[PDB]
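**Q** Okay, handing you the structure first.
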Amino acid sequence: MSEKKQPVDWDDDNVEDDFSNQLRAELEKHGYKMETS
Amino acid sequence: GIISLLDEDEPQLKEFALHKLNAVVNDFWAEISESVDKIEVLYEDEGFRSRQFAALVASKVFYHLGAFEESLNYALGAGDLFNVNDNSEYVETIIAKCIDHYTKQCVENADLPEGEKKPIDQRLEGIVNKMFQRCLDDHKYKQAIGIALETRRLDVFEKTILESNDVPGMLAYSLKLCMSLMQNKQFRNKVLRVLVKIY
Amino acid sequence: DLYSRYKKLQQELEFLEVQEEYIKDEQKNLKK
Amino acid sequence: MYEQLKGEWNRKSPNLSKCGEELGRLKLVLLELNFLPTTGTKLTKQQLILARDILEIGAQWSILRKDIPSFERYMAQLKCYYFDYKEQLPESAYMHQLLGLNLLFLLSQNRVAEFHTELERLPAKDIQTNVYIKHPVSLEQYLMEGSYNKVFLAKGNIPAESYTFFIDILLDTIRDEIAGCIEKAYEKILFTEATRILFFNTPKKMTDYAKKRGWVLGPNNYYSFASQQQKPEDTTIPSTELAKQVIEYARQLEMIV
Amino acid sequence: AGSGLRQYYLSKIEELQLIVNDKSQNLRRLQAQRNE
Amino acid sequence: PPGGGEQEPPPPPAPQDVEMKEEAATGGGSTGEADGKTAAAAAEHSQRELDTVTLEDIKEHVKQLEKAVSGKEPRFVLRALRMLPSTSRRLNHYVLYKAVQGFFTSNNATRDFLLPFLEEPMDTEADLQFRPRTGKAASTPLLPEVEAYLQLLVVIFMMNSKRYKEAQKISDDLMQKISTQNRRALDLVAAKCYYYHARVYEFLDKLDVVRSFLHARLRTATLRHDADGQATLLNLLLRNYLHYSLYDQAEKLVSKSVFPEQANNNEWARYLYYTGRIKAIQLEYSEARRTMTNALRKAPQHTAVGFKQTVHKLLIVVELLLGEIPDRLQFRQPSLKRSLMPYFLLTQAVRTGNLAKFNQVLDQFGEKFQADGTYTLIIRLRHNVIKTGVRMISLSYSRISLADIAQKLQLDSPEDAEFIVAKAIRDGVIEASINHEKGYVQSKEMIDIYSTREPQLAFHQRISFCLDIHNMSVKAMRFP
């Protein structure tokens with residue numbers, strides 16, 4: 001069925017859920033968290 | 001909407017508002033419905049100029065919503081301003097339902113003719129007989145006789161059979177119907193006796 | 001004309017209704 | 001036909017006979033050639049320019065006299081004229097600020113639901129320029145967040161005329177809504193906490209709430225009726241209706257043959 | 001008189017036709033169940 | 001010669017046979033189900049109409065030279081169908097026109113002979129018994145003249161032919177066909193007419209005249225009964241109310257006609273999409289999201305139908321205001337090209353606290369957002385971000401000092417934090433409680449138990465459903 005709505009205007013890793021840039025990798029954050037105390 | 005004018009109690013404005021409004025009720029049929037109290041009030045009080053006109057627009061709005069009982073009531077109240085009309089879907093629908101209400105009322109009252117019959121608003125006859133006359137502007141339409149028997153009215157029955165072409169084949173047709181497919185003896189014998197008299 | 005068709009429609013409608021009630025009852029007893 | 005076009009408006013308009021002049025105008029316009037029609041004519045166009053101007057003055061006099069029903073009536077009529085099946089309508093200079101004032105009225109009388117649905121018609125004049133429309137939407141945005149003090153800070157900046165007749169009512173409604181949000185079951189709350197809130201005079205309006213609302217008027221130890229609510233669902237007897245339901249299931253397990 | 005009452009006696013029977021039209025089929029279904 | 005003469009043999013054979021036998025079988029079935037089984041709603045009539053809507057429409061746009069489909073009109077132009085020889089000779093005329101077209105050049109229409117192929121078609125002792133055939137063969141010529149994709153010298157003809165067909169069907173239904181209910185087809189006709197009116201309102205003024213005509217059209221329905229008639233007229237009219245005149249919203253809110261329960265499933269999706277749009281624009285968000293999701297799964301099963309894209313571009317904004325979307329779940333192969341460029345950048349900005357990036361994306365894609373007719377986002381989404389933060393705080397902590405949320409939600413002050421949390425609780429996003437004494441915010445009581453009177457309230461609904469389904473199934477079993 002046609003609705004006259006003119007619809008027409010990379011990795012197979014699947015869902016990525018939610019990733020947000022942390023920049024510091026865990027190794028850096030914990031590596032220098034320990035230094036404080 | 002133009003109800004913005006009905007807000008004012010000046011008598012000159014009111015009728016201009018109603019006259020302008022009933023010209024557009026169909027496009028804005030539902031929109032109006034949040035105002036029917038105002039129109040009903042302006043119908044109920046005495047001394048307005050066109051109380052029938054308010055009754056008419058009320059009937060139109062309630063016919064939109066299919067509240068046929070109340071459209072019927074206000075159409076009775078709307079008087080000749082409505083009743084004189086004769087060719088539209090709206091009028092034909094509400095006159096059909098009026099015929100229905102009338103015939104059922106008649107059938108009900110016919111079981112207790114001795115008294116305490118519920119009142120009949122004479123406007124019901126004022127519409128029914130008008131339709132009967134339409135069924136008289138014609139040579140011998142069978143349907144006229146049909147409604148006649150269905151409404152227990154021997155008078156218009158007789159007037160129709162004697163009027164027009166009183167071909168005895170037609171009264172043999174009437175006897176055939178009386179015998180073939182009706183059974184309430186107390187009405188049967190009455191119809192049969194008026195038929196023997198006319199014969 | 002139309003009066004006869006109207007009346008006959010009414011009659012056959014109600015009569016098939018009667019048959020329907022009959023059939024329901026006979027079902028109920030045959031099950032027992 | 002030019003019934004005192006600028007009789008009492010250019011210099012000062014305190015007249016109450018202006019009401020009688022408007023009455024005559026409304027009695028005369030109903031007999032004008034075209035009001036309902038939309039096909040139009042140049043003469044009709046003149047009749048429409050006239051009707052628009054007179055309705056504008058009627059609405060502004062309404063706000064000047066602080067009448068509400070006349071305000072809403074005139075505004076409905078004018079808004080029916082402004083948008084319509086016929087809208088050739090060379091631009092009128094009062095359209096923007098009057099419409100903004102209409103939006104202020106709609107916001108003040110706590111019809112926020114009907115606020116946005118009127119804002120669909122304006123494609124670009126509501127953001128880029130035209131301060132008159134900018135003001136009410138900005139105030140609405142301010143009052144959508146819990147921010148409140150900024151409203152009272154920014155009250156003293158109105159691009160059009162005073163229009164205070166609505167701004168006072170808006171402030172009162174905001175006050176009473178904020179009060180209602182602080183719905184308190186406990187009858188005892190420190191009145192000084194309310195004193196921090198924008199209630200202003202310590203007992204002038206505290207008595208007003210005290211007469212009907214709970215707590216005390218500036219006590220700092222409120223005593224009154226409590227708004228605590230308990231479900232009281234201890235009763236284990238919905239038996240009369242639950243039995244209905246069960247019998248109904250038995251009803252539709254049978255009677256099909 | 002130019003089809004005085006053709007819009008009556010005609011819109012009145014259409015519902016009758018539809019009702020009986022479906023109800024006969026329902027009756028035949030019940031017939032089959034009882035027989036088996 | 002090598003491109004016209006050599007490509008002529010292949011084309012002529014297929015339209016000569018397959019289309020003709022198609023419409024032959026469809027007309028035969030229509031005649032059979034109109035003659036017997038007056039309750040002919042359940043038949044291949046609807047399937048035939050759907051197939052004609054789907055298949056025959058797209059096979060050709062040009063006037064179909066060599067008298068393959070343009071010849072059907074000169075075939076059936078003279079039809080009597082009074083008795084056995086008349087109908088047999090009309091079928092023989094169809095066959096002979098096909099044979100002549102495959103042998104020689106049959107009758108051709110030069111963009112002006114369609115009226116004589118339409119006037120004479122209803123002339124020459126035409127048969128009323130095939131009123132549906134008249135409608136079908138009159139509407140099919142519309143689509144060629146409609147889907148000519150030229151919009152020159154055919155839109156006006158489209159409008160005139162549409163008016164002709166509308167008048168014909170109105171006069172036909174003025175007799176109130178008995179035991180036939182041609183409305184089962186008429187609806188499609190109606191939709192078709194609306195099509196050209198939109199095309200007309202794409203080549204000329206909008207469909208307000210159509211609006212009046214269709215108010216009359218549904219009024220003449222809803223009186224006797226409803227058979228798929230009003231179920232189409234309602235969504236047609238509120239489509240036009242919202243068609244670039246969508247600024248009108250106030251009215252349709254009072255369209256209080258009940259929507260018929262038993263409708264074609266495809267239409268229910270249009271109805272629920274428009275109901276969702278109207279609910280969300282006037283700021284109700286509870287019902288809007290649930291009814292829109294109910295719409296999406298109602299009838300999406302097709303290979304990229306197209307408006308699913310739009311419902312997704314709405315459900316994302318309408319539920320952004322209240323929570324979180326499936327952030328990466330729904331960006332798959334069909335929608336990926338559009339949704340991703342603006343909406344993904346948005347929801348990504350929204351979860352983060354970057355206001356500047358929000359402004360950047362808004363500046364970049366405001367034109368696209370307005371083109372879609374969903375520019376509510378700036379109106380409310382920009383100023384309702386803090387709601388999500390409050391929701392997260394509700395989900396994690398259970399007892400917190402309100403002096404801490406300020407540093408957690410960058411409000412910089414505790415009192416306005418009290419105000420905003422109180423507003424949130426009143427709005428019902430969270431049911432926490434506040435100790436107005438020492439900056440104490442506490443969650444509600446623990447979840448009491450999940451097995452006291454709240455469960456069985458659901459099982460009652462499921463029984464209602466299941467027993468209803470079984471009864472519906474058993475009733476309509478084996479008609480003969």
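Convention: chains lettered A, B, ... in structure tokens order; per-chain residue numbering from 1; ligands numbered from 1 as shown.
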Can you tell me, as number ranges by chain, what residues are no more than 9 Å from range 29-41 of chain B when counting only C-alpha atoms, ignoring any on the same chain fewer than 3 positions away?
**A** B: 1, 3, 6-7, 24-26, 44-45, 54-55, 57-58, 60-62, 64-65; F: 251-252, 254-256
**Q** Include N, CA, C and O atoms and write out the residues we just selected as an mmCIF file, in the first residue's frame.
**A**
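Final output, saved to result_23.cif:
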data_model
loop_
_atom_site.group_PDB
_atom_site.id
_atom_site.type_symbol
_atom_site.label_atom_id
_atom_site.label_comp_id
_atom_site.auth_asym_id
_atom_site.auth_seq_id
_atom_site.Cartn_x
_atom_site.Cartn_y
_atom_site.Cartn_z
ATOM 1 N N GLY B 1 -15.950 31.812 17.106
ATOM 2 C CA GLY B 1 -16.925 31.896 16.037
ATOM 3 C C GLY B 1 -17.917 33.027 16.229
ATOM 4 O O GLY B 1 -17.802 33.818 17.167
ATOM 5 N N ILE B 3 -20.675 33.054 17.388
ATOM 6 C CA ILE B 3 -21.335 33.025 18.686
ATOM 7 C C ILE B 3 -20.885 34.213 19.520
ATOM 8 O O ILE B 3 -21.597 34.650 20.430
ATOM 9 N N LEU B 6 -23.834 36.340 19.754
ATOM 10 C CA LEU B 6 -24.913 35.870 20.613
ATOM 11 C C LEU B 6 -24.666 36.200 22.076
ATOM 12 O O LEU B 6 -25.612 36.216 22.871
ATOM 13 N N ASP B 7 -23.416 36.463 22.441
ATOM 14 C CA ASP B 7 -23.070 36.805 23.813
ATOM 15 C C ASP B 7 -23.806 38.040 24.328
ATOM 16 O O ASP B 7 -23.918 38.212 25.545
ATOM 17 N N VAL B 24 -24.359 27.994 7.915
ATOM 18 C CA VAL B 24 -23.066 27.322 7.932
ATOM 19 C C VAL B 24 -23.028 26.142 8.886
ATOM 20 O O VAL B 24 -21.968 25.546 9.063
ATOM 21 N N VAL B 25 -24.143 25.806 9.531
ATOM 22 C CA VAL B 25 -24.165 24.751 10.542
ATOM 23 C C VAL B 25 -23.481 23.476 10.060
ATOM 24 O O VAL B 25 -22.811 22.794 10.837
ATOM 25 N N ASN B 26 -23.616 23.135 8.777
ATOM 26 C CA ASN B 26 -23.080 21.860 8.296
ATOM 27 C C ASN B 26 -21.557 21.780 8.381
ATOM 28 O O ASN B 26 -21.011 20.772 8.841
ATOM 29 N N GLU B 44 -36.818 29.164 25.031
ATOM 30 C CA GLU B 44 -37.838 28.945 26.051
ATOM 31 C C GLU B 44 -38.541 30.237 26.455
ATOM 32 O O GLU B 44 -39.750 30.226 26.714
ATOM 33 N N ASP B 45 -37.823 31.357 26.512
ATOM 34 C CA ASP B 45 -38.458 32.571 27.007
ATOM 35 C C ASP B 45 -39.418 33.141 25.969
ATOM 36 O O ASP B 45 -39.264 32.938 24.762
ATOM 37 N N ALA B 54 -34.687 29.696 16.511
ATOM 38 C CA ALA B 54 -33.844 29.022 17.488
ATOM 39 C C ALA B 54 -34.196 27.547 17.585
ATOM 40 O O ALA B 54 -33.305 26.695 17.687
ATOM 41 N N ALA B 55 -35.489 27.220 17.546
ATOM 42 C CA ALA B 55 -35.864 25.811 17.579
ATOM 43 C C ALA B 55 -35.327 25.067 16.362
ATOM 44 O O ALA B 55 -34.899 23.911 16.467
ATOM 45 N N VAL B 57 -32.478 25.793 14.542
ATOM 46 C CA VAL B 57 -31.044 25.507 14.636
ATOM 47 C C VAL B 57 -30.765 24.471 15.717
ATOM 48 O O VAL B 57 -29.854 23.641 15.574
ATOM 49 N N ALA B 58 -31.541 24.477 16.802
ATOM 50 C CA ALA B 58 -31.396 23.412 17.785
ATOM 51 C C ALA B 58 -31.658 22.051 17.159
ATOM 52 O O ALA B 58 -30.904 21.096 17.392
ATOM 53 N N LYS B 60 -31.292 21.189 14.062
ATOM 54 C CA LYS B 60 -30.186 20.847 13.167
ATOM 55 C C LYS B 60 -28.999 20.296 13.946
ATOM 56 O O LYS B 60 -28.428 19.255 13.590
ATOM 57 N N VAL B 61 -28.618 20.977 15.027
ATOM 58 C CA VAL B 61 -27.457 20.526 15.786
ATOM 59 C C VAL B 61 -27.719 19.164 16.411
ATOM 60 O O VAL B 61 -26.847 18.289 16.399
ATOM 61 N N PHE B 62 -28.918 18.946 16.952
ATOM 62 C CA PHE B 62 -29.185 17.630 17.527
ATOM 63 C C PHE B 62 -29.359 16.537 16.482
ATOM 64 O O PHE B 62 -29.195 15.358 16.811
ATOM 65 N N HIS B 64 -27.328 16.475 13.792
ATOM 66 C CA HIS B 64 -25.921 16.125 13.623
ATOM 67 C C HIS B 64 -25.508 15.023 14.587
ATOM 68 O O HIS B 64 -24.958 13.996 14.180
ATOM 69 N N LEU B 65 -25.758 15.228 15.878
ATOM 70 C CA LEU B 65 -25.375 14.274 16.909
ATOM 71 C C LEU B 65 -26.260 13.039 16.950
ATOM 72 O O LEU B 65 -26.001 12.151 17.764
ATOM 73 N N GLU F 251 -10.630 22.533 16.090
ATOM 74 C CA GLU F 251 -11.894 21.892 15.747
ATOM 75 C C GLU F 251 -11.881 20.389 15.984
ATOM 76 O O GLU F 251 -12.443 19.911 16.973
ATOM 77 N N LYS F 252 -11.235 19.649 15.087
ATOM 78 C CA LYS F 252 -11.102 18.197 15.141
ATOM 79 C C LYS F 252 -11.029 17.614 16.545
ATOM 80 O O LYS F 252 -11.429 16.468 16.761
ATOM 81 N N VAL F 254 -13.024 18.194 18.591
ATOM 82 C CA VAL F 254 -14.416 17.934 18.904
ATOM 83 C C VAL F 254 -15.042 17.024 17.859
ATOM 84 O O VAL F 254 -16.266 16.866 17.820
ATOM 85 N N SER F 255 -14.224 16.379 17.036
ATOM 86 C CA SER F 255 -14.747 15.339 16.164
ATOM 87 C C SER F 255 -15.014 14.148 17.068
ATOM 88 O O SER F 255 -14.114 13.363 17.376
ATOM 89 N N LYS F 256 -16.260 14.037 17.525
ATOM 90 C CA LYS F 256 -16.645 13.066 18.535
ATOM 91 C C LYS F 256 -17.382 11.881 17.949
ATOM 92 O O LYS F 256 -18.070 11.162 18.679
#
**Q** Can you pull out every residue within 9 Å of residue 73 in chain B, counting only C-alpha atoms, but drop anything in the same chain fewer than 5 positions away, and send it as a PyMOL selection string?
**A** chain B and resi 59+68+78
**Q** Taking 5 positions as the minimum chain separation for residues in the same chain, which residues sit within 9 Å of residue 165 in chain D when counting only C-alpha atoms? Answer as a PyMOL selection string.
**A** chain D and resi 63-64+66
**Q** Keeping only N, CA and C atoms, take the residues you just selected and write them out as a CSV table (one decimal), in the first residue's frame.
**A**
chain,number,residue,atom,x,y,z
D,63,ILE,N,-9.5,46.8,27.5
D,63,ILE,CA,-8.4,46.7,28.5
D,63,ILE,C,-8.3,48.0,29.3
D,64,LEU,N,-8.5,49.1,28.7
D,64,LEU,CA,-8.4,50.4,29.5
D,64,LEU,C,-9.4,50.4,30.7
D,66,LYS,N,-10.6,47.6,31.9
D,66,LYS,CA,-10.4,46.4,32.6
D,66,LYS,C,-11.7,45.5,32.7
**Q** Which residues are close to residue 202 in chain D, i.e. within 12 Å by only C-alpha atoms, leaving aside same-chain residues fewer than 2 positions away? Reply as a PyMOL selection string.
**A** chain D and resi 191-200+204-209+216-220
**Q** Pick out the residues sitting within 12 Å of residue 25 in chain E, and hand them over as a VMD selection string; count only C-alpha atoms, and ignore anything fewer than 2 positions along from it in its own chain.
**A** (chain C and resid 16 20) or (chain E and resid 18 to 23 27 to 32) or (chain F and resid 37 to 39 475 to 480)
**Q** With a distance threshold of 9 Å and counting only C-alpha atoms, extract the residues of chain D near chain B and express them as a list in words.
**A**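 Using only C-alpha atoms, chain D residues at most 9 Å from chain B: residues 27, 30, 36, 69, 72, 73, 74, 76, 77 and 80 of chain D.
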**Q** Please return, as JSON, numbers by chain, all residues of chain D lying within 10 Å of chain C when only C-alpha atoms are considered.
**A** {"D": [255, 256, 257]}
**Q** Quick one: of D:157, D:117, D:228, D:173, who's nearest to chain F, counting only C-alpha atoms?
**A**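 The shortest atom-to-atom distance to chain F comes from D:117.
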**Q** Tell me the residues of chain E close to chain B, meaning within 10 Å using only C-alpha atoms, as a PyMOL selection string.
**A** chain E and resi 1-9+12
**Q** For the residues in that selection, give me N, CA, C and O atoms as a compact mmCIF listing (two decimals), in the first residue's frame.
**A**
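Once written, result_15.txt looks like this:
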# COMPACT_ATOMS: atom_id res chain seq x y z
N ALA E 1 -47.16 11.03 -7.55
CA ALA E 1 -46.82 12.42 -7.30
C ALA E 1 -45.31 12.60 -7.23
O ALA E 1 -44.79 13.20 -6.29
N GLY E 2 -44.60 12.09 -8.24
CA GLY E 2 -43.16 12.20 -8.29
C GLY E 2 -42.44 11.47 -7.18
O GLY E 2 -41.60 12.05 -6.49
N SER E 3 -42.77 10.19 -6.99
CA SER E 3 -42.17 9.34 -5.96
C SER E 3 -42.39 9.95 -4.57
O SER E 3 -41.46 10.39 -3.89
N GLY E 4 -43.67 10.00 -4.19
CA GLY E 4 -44.02 10.64 -2.93
C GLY E 4 -43.40 9.97 -1.72
O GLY E 4 -42.83 10.64 -0.85
N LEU E 5 -43.48 8.65 -1.65
CA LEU E 5 -42.98 7.89 -0.50
C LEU E 5 -42.08 6.74 -0.93
O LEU E 5 -42.14 5.65 -0.37
N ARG E 6 -41.25 6.96 -1.95
CA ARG E 6 -40.27 5.95 -2.31
C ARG E 6 -39.08 5.94 -1.36
O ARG E 6 -38.43 4.90 -1.22
N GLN E 7 -38.80 7.04 -0.68
CA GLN E 7 -37.74 7.06 0.33
C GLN E 7 -38.20 6.48 1.65
O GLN E 7 -37.46 6.54 2.64
N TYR E 8 -39.40 5.93 1.66
CA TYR E 8 -39.96 5.22 2.79
C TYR E 8 -40.51 3.93 2.20
O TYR E 8 -40.74 3.86 0.99
N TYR E 9 -40.65 2.90 3.03
CA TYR E 9 -40.92 1.54 2.56
C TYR E 9 -39.71 0.96 1.83
O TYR E 9 -39.73 -0.22 1.45
N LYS E 12 -36.61 1.30 4.82
CA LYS E 12 -37.08 0.54 5.96
C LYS E 12 -36.79 -0.95 5.83
O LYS E 12 -36.60 -1.63 6.84
**Q** What are the residues of chain C lining chain B at 12 Å or less? Count only C-alpha atoms, and put the answer as a PDB file with C-alpha atoms, in the first residue's frame.
**A**
ATOM      1  CA  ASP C   1     -46.358  -3.415  -3.585  1.00  0.00           C
ATOM      2  CA  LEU C   2     -43.743  -2.696  -0.953  1.00  0.00           C
ATOM      3  CA  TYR C   3     -46.220  -3.375   1.858  1.00  0.00           C
ATOM      4  CA  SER C   4     -46.328  -7.103   1.111  1.00  0.00           C
ATOM      5  CA  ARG C   5     -42.539  -7.379   0.982  1.00  0.00           C
ATOM      6  CA  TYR C   6     -42.254  -5.514   4.279  1.00  0.00           C
ATOM      7  CA  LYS C   7     -44.706  -7.811   6.038  1.00  0.00           C
ATOM      8  CA  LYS C   8     -43.266 -11.047   4.640  1.00  0.00           C
ATOM      9  CA  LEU C   9     -39.766  -9.977   5.662  1.00  0.00           C
ATOM     10  CA  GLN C  10     -40.963  -9.474   9.224  1.00  0.00           C
ATOM     11  CA  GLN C  11     -42.637 -12.880   9.362  1.00  0.00           C
TER      12      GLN C  11
END
**Q** Skip range 121-133 of chain D itself and residues of its chain fewer than 4 positions away, then list as a ChimeraX atom specification all residues within 6 Å of it, counting only C-alpha atoms.
**A** /D:97,100 /F:247
**Q** Using the selection just defined, write its residues with N, CA, C and O atoms as a PDB file, in the first residue's frame.
**A**
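This is the output file again26.pdb:
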ATOM      1  N   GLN D  97       1.399  43.426  18.491  1.00  0.00           N
ATOM      2  CA  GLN D  97       1.335  43.680  19.925  1.00  0.00           C
ATOM      3  C   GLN D  97      -0.007  43.273  20.507  1.00  0.00           C
ATOM      4  O   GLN D  97      -0.068  42.789  21.643  1.00  0.00           O
ATOM      5  N   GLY D 100       0.210  39.513  20.936  1.00  0.00           N
ATOM      6  CA  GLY D 100       1.023  39.230  22.105  1.00  0.00           C
ATOM      7  C   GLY D 100       0.260  39.451  23.396  1.00  0.00           C
ATOM      8  O   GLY D 100       0.365  38.662  24.339  1.00  0.00           O
TER       9      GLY D 100
ATOM     10  N   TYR F 247      -2.419  24.298  10.990  1.00  0.00           N
ATOM     11  CA  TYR F 247      -2.521  25.297  12.028  1.00  0.00           C
ATOM     12  C   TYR F 247      -3.888  25.196  12.674  1.00  0.00           C
ATOM     13  O   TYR F 247      -4.035  25.444  13.874  1.00  0.00           O
TER      14      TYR F 247
END
**Q** For CA of residue 51 in chain D and CA of residue 119 in chain D, quote the distance in Å rounded to one decimal.
**A**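 Those two atoms sit 24.9 Å apart.
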**Q** Could you pull the residues within 10 Å of residue 280 in chain F, counting only C-alpha atoms, minus those fewer than 4 positions along the same chain, as a tab-separated table (two decimals) with N, CA and C atoms, in the first residue's frame?
**A**
chain	number	residue	atom	x	y	z
F	274	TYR	N	-2.66	9.99	13.45
F	274	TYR	CA	-3.19	11.35	13.54
F	274	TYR	C	-3.67	11.67	14.95
F	275	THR	N	-4.29	10.70	15.63
F	275	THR	CA	-4.66	10.91	17.02
F	275	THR	C	-3.42	11.18	17.87
F	276	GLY	N	-2.34	10.45	17.63
F	276	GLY	CA	-1.13	10.73	18.38
F	276	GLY	C	-0.59	12.12	18.11
F	284	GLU	N	-0.23	16.65	25.92
F	284	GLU	CA	-0.47	15.45	26.71
F	284	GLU	C	0.54	14.42	26.24
F	285	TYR	N	1.31	13.86	27.16
F	285	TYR	CA	2.39	12.98	26.78
F	285	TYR	C	2.22	11.56	27.27
F	286	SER	N	1.33	11.31	28.22
F	286	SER	CA	1.13	9.96	28.70
F	286	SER	C	0.47	9.10	27.63
F	287	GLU	N	-0.69	9.53	27.14
F	287	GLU	CA	-1.41	8.72	26.16
F	287	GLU	C	-0.72	8.72	24.80
F	288	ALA	N	-0.01	9.80	24.47
F	288	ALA	CA	0.50	9.95	23.11
F	288	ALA	C	1.49	8.85	22.78
F	289	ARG	N	2.45	8.62	23.66
F	289	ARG	CA	3.49	7.66	23.34
F	289	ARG	C	2.92	6.25	23.26
F	292	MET	N	0.86	5.79	20.09
F	292	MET	CA	1.68	5.81	18.89
F	292	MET	C	2.45	4.51	18.72
F	314	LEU	N	8.69	10.96	15.02
F	314	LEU	CA	7.83	11.58	16.02
F	314	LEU	C	7.97	10.92	17.38
F	315	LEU	N	7.93	9.59	17.44
F	315	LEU	CA	8.03	8.90	18.72
F	315	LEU	C	9.35	9.18	19.40
F	318	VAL	N	8.68	12.75	20.97
F	318	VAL	CA	7.62	12.72	21.97
F	318	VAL	C	8.02	11.91	23.19
F	376	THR	N	8.44	21.27	17.50
F	376	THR	CA	8.14	21.41	18.92
F	376	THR	C	9.39	21.35	19.79
**Q** Taking only C-alpha atoms into account, find every residue of chain A that has an atom no more than 7 Å from chain F, and write it out as a ChimeraX atom specification.
**A** /A:1,5,7,15-18
**Q** Keeping only C-alpha atoms, write those residues as a tab-separated table (two decimals), in the first residue's frame.
**A**
chain	number	residue	atom	x	y	z
A	1	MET	CA	0.00	0.00	0.00
A	5	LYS	CA	3.95	10.25	2.07
A	7	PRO	CA	9.30	8.57	2.03
A	15	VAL	CA	23.83	-2.96	19.25
A	16	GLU	CA	26.30	-0.72	21.02
A	17	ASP	CA	23.84	0.20	23.80
A	18	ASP	CA	25.16	3.48	25.23
**Q** Could you check how far CA of residue 156 in chain B sits from CA of residue 83 in chain B, in Å to one decimal?
**A**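 Going from CA of residue 156 in chain B over to CA of residue 83 in chain B, I get 20.7 Å.
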**Q** Between CA of residue 231 in chain F and CA of residue 257 in chain F, what is the spacing in Å?
**A**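 Going from CA of residue 257 in chain F over to CA of residue 231 in chain F, I get 10.3 Å.
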**Q** Where in range 165-204 of chain D does DSSP assign helix (DSSP H, G or I), given as a PyMOL selection string?
**A** chain D and resi 165-181+191-196
